[PDB]
Amino acid sequence: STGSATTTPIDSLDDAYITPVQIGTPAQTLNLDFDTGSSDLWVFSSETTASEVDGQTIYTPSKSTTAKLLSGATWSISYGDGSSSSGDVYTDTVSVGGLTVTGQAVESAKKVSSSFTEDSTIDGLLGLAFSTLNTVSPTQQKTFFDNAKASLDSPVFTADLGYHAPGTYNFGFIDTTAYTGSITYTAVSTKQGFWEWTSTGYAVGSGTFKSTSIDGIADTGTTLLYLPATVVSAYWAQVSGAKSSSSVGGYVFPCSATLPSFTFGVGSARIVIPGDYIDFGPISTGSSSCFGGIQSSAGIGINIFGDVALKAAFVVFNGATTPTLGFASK
């Protein structure tokens, strides 16, 4: 079996992407953020503190004939950006673009952090990292991809994120019409539970390619690209008037500047990020300072190839027993 679903940016800056997901019987459709950087499927629900719900669609297990409370199970998550939520656990039927999993752990949020509350367009997260990061206690739960792996034609899913435009998540097959050239595959380490791989280098604009290993994770749930301080400094040195700002917390640049592209290596292949992808607009309404899409990972501890980089490519998440990541130009 296979599944295919359209993913849509939530705003004009591509800060996140939402994908419709059907939960329960009859179907309750929620718009979830597909996150390859976490492993929990959690939703706003009827159980969420009503003061913490600001326009989201909520999952109501009492209206689902296939929902079953998972007795004694709880969950609690803290995200890299200091966000948190927690609650209890149901199992239910979950379908993504025609692909159906029965008995999927659906983690119902009892309380969410304010950052999720402020964001009325995201009804929850669907984690697609490896199931060893799932936070359900005392019995850890499998991700939607892990539960679907057996019935998929091929144990893969692909991310085809759009620039200011809709994209596609496919499960179980590789659409050979969605990319150009060849797919270059690279090894994945699962030792920390992430889709972790090693980039072979970078170039700024049309400068020389610098061969250097950059270990990092493919994270659809992170907006920006976070790279080591040396790389980020070399990029912004080519933008006139750019500087790192402590008050803003990152590199900013004059909105009148034109940004150079950024190339990152995948084995012997090269993925080019157009400079327009790196512009994230004014830091405040009416400001002439614009926020940069390439920031330092020094405070994070891990390099993150977020949406800025992934949307420049067709990305295959190969969940075979030896997992790999595939990149192709598009």
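Along the chain as shown, residues are numbered 1 onward.
Method on record in the header is X-ray crystallography, 1.8 Å.
Using N, Cα and C of the backbone, Cβ positions are placed for all residues, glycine too.
Quick look at what Swiss-Prot lists:
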| type | residues | note |
| --- | --- | --- |
| DOMAIN | 17-328 | domain 'Peptidase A1' |
| ACT_SITE | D35 | active site |
| ACT_SITE | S199 | active site |
| DISULFID | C255-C290 | disulfide bond |
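Feature map: Swiss-Prot annotations on the structure.
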residue	record	DSSP class
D35	active site	strand
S199	active site	strand
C255	disulfide bond	coil
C290	disulfide bond	strand
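Comparing the recorded positions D35, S199, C255, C290 on other C-beta atoms within 10 angstroms of each C-beta gives the minimum for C255. Considering only the recorded positions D35, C255, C290, the residue whose Cα is spatially closest to the Cα of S199 (active site) is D35.
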